[PDB]
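Okay, structure first, notes after.
Proteins come first, then strands; the chains are lettered A, B, ... in the order of their sequence lines, and each starts at number 1. When reading the values below, keep in mind they use all heavy atoms of this one structure, side chains included, and skip hydrogens, waters and symmetry mates.
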Amino acid sequence: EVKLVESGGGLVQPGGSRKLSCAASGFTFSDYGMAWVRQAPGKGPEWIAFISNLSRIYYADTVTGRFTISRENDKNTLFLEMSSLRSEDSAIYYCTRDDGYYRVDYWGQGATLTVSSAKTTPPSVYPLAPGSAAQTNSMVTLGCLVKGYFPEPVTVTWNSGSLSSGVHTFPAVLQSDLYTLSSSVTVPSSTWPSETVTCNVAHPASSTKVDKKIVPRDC
Amino acid sequence: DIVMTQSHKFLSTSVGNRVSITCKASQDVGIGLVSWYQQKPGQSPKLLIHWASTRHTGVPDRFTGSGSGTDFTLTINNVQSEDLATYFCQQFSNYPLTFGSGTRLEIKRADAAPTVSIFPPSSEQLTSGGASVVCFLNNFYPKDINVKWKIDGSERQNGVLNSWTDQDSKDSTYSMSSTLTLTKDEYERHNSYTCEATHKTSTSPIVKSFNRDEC
């Protein structure tokens, strides 16, 4: 199947440079024009750059003179070299494939870029166990507070993915130049605390991969 | 530049209704040279319609694209819960390629009361001197909800941070988390903490609380 896998996301300081990469799989790379499209907070999709199957190149006015799109057809890879980055450049960056007109019939998973002078900070991960009254209904809800990390994103799973039904992970809120996210999971009350429930949090920017068990308190 | 406009941020519909999602271009883009994309929650966009009216592979004909020039419509006849998504138009008549800001399709469902849960700060957080009290309000409908925090009966407003999920494609509900962050210094001096929610389904506010002289 068609695959587009973006790399190079992360945190860069204002005025800095960064190279995004996209590895294409599952089609003849040289038959297709390729593009970058971004989605920044508060904004809808915004086309950034396009490159023809072999070379014709177009840029959004907002990035001209700063960004360079290129491709290496021998390696099925698309690049976006970024320079003089600004805060406004912070966004999810999608690599996309066209057909024969500039209609993008396939979009990658997206890479998150944050431009900021704040430093990379690992999250503090706190287990949220319910109080006494909130146990032993038919269901029980547990939580995970992921606090004070930078930059986005963080990934949260419960029991390594086993529990995914009954999970709600909430969008991060940026406060104090730091992000805070929460996640809940709702399981039968016969399940917890008899069995262990763990939230697993990954913050690739800081090489954080934490497993936090939800333990009930002591009386 | 060609400006693409979608007048509706949100369109809400029950299963079975006809929804019309509209798009305007500021200049004549002809034929087509207009595309529709569909973006479901937790997914990247997918091509839905191109050349104004041609369905992409895999798209059922309850989706109909129409229009030419400057006025375009994506109609979803007999809409299904499967169609929960944001829909964006794009012109490809000239550079720069431009998008509308998207229309979100909300699936109407029967009213649903939130399941509200309140959590004291973790001992681990308290050790570092912070005290976040968390309230989850899960699986409700419709989307509008108001949360108030109280400490020993008195309303607290500063230090409250809220976050909302998008509509869930599995039960058409919303969820919300509300976090009251205090210093441990202040948290220590009070006993009762209360999360209070008002919703379409509530008469008296939904009240969830804990006292600290406890487990």
Given 3.5 Å as the limit, does a donor-acceptor pair link the side chain of [X] with the main chain of [Y], or not?
X: A:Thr191; Y: A:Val187; result: no
X: A:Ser7; Y: A:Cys22; result: no
X: B:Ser122; Y: B:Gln125; result: yes
X: B:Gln38; Y: B:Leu47; result: no
X: B:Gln91; Y: B:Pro96; result: yes
X: A:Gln135; Y: A:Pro193; result: no
X: A:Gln175; Y: A:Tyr179; result: no
X: B:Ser68; Y: B:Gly30; result: no
X: A:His203; Y: A:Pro151; result: yes
X: A:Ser21; Y: A:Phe79; result: no

Donor + acceptor pair across side chains of [X], [Y] (<3.5 Å):
X: A:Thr208; Y: A:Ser206; value: yes
X: B:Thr22; Y: B:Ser7; value: no
X: A:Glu152; Y: A:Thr112; value: no
X: B:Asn211; Y: B:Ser192; value: yes
X: B:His50; Y: A:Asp105; value: no
X: A:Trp158; Y: A:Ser164; value: no
X: B:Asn139; Y: B:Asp171; value: yes
X: A:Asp211; Y: A:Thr198; value: no

Separation of [Y] [atom2] from [X] [atom1] (nearest 0.5 Å):
X: B:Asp1; Y: B:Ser26; atom1: CG; atom2: OG; answer: 8.5 Å
X: A:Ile69; Y: A:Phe67; atom1: CD1; atom2: CZ; answer: 11.5 Å
X: A:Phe170; Y: B:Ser177; atom1: CZ; atom2: OG; answer: 4.5 Å
X: A:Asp99; Y: A:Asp31; atom1: CG; atom2: CG; answer: 11.5 Å
X: B:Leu105; Y: B:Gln80; atom1: CG; atom2: CD; answer: 11.0 Å
X: A:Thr62; Y: A:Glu88; atom1: OG1; atom2: CD; answer: 7.0 Å

- Message: For a side chain to side chain contact (heavy atoms under 4.5 Å, CB included) check, start with the C-alpha distance between B:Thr64 and B:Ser53, then their side-chain angles and the critical distance, and finish with the verdict.
- Response: CA-CA 7 Å; B:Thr64 305; B:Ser53 68; over 6 Å; no
- Message: Let's go through B:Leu97 and B:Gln90 carefully: what are the C-alpha distance in whole Å and the side-chain angles of both, what is the deciding distance for side chain to side chain contact (heavy atoms under 4.5 Å, CB included) to 0.1 Å, and is it a yes or a no?
- Response: CA-CA 7 Å; B:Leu97 310 170; B:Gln90 178 220 314; 4.0 Å; yes
Heavy atoms only: give me the nearest [X]-[Y] pair and the separation to one decimal.
X: B:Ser101; Y: B:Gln6; value: N-OE1, 3.8 Å
X: B:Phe136; Y: A:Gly143; value: CE1-CA, 4.1 Å
X: A:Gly148; Y: A:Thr121; value: O-CG2, 3.4 Å
X: A:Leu11; Y: A:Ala118; value: CD2-O, 3.4 Å
X: A:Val173; Y: B:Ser163; value: CG2-CB, 3.9 Å
X: A:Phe150; Y: A:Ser116; value: CZ-OG, 3.6 Å

- Item | Aromatic ring proximity A:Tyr93/A:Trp36, centre distance under 6.0 Å | no
- Near-ring test B:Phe140/B:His199, centroid separation under 6.0 angstrom: yes
- Message: By the definition ring pair (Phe, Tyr, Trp, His ring centres under 6.0 Å), identify the one residue from B:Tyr95, B:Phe92, B:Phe99 that meets it with A:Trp47.
- Response: B:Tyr95
- Item | Working for side chain to side chain contact (heavy atoms under 4.5 Å, CB included), residues B:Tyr187 and B:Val133 | CA-CA 9 Å; B:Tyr187 174 79; B:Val133 196; 4.2 Å; yes
Does the side chain of [Y] come within less than 4.5 Å of [X]'s, by heavy atoms?
X: B:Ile49; Y: B:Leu74; result: yes
X: B:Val29; Y: B:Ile2; result: yes
X: A:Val185; Y: A:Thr141; result: no
X: A:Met82; Y: A:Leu20; result: yes
X: B:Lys46; Y: B:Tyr37; result: no
X: A:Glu6; Y: A:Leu78; result: no
X: B:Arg62; Y: B:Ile76; result: yes
X: B:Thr201; Y: B:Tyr141; result: no

- Is the NZ or CZ atom of A:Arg71 both under 6.0 Å from the centre of the six-membered ring of A:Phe29 and within 45° of that ring's axis? yes
- Which of these, A:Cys199, A:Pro216, A:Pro130, A:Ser184, sits in a side chain to side chain contact (heavy atoms under 4.5 Å, CB included) with A:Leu142? A:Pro130
- side chain to side chain contact (heavy atoms under 4.5 Å, CB included), paired with B:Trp149, selected from B:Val160, B:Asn158, B:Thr194: B:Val160
- Query: B:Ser172 and B:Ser81: side chain to side chain contact (heavy atoms under 4.5 Å, CB included), yes or no, with the steps?
  - Reply: CA-CA 8 Å; B:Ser172 307; B:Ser81 174; 3.7 Å; yes
- Item | A:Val2: side-chain contact (heavy atoms from CB on, under 4.5 Å) partners, not counting sequence neighbours | A:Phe27, A:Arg97, A:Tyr106
- Take B:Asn162 and B:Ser178, measure what side chain to side chain donor-acceptor pair (under 3.5 Å) needs, and give me the verdict at the end. CA-CA 4 Å; B:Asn162 295 323; B:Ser178 187; 2.6 Å; yes
- Who passes ring-ring contact (aromatic ring centres under 6.0 Å, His included) against A:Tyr59, sequence neighbours left out? none
- Go through the steps for A:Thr114 and A:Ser90 under the test side chain to side chain donor-acceptor pair (under 3.5 Å), then give the verdict. CA-CA 5 Å; A:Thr114 296; A:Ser90 307; 5.3 Å; no
- Message: If you count every heavy atom of other residues, nucleotides or ligands that lies below 6.0 Å from B:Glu155 atom CD, does the total exceed 12?
- Response: yes
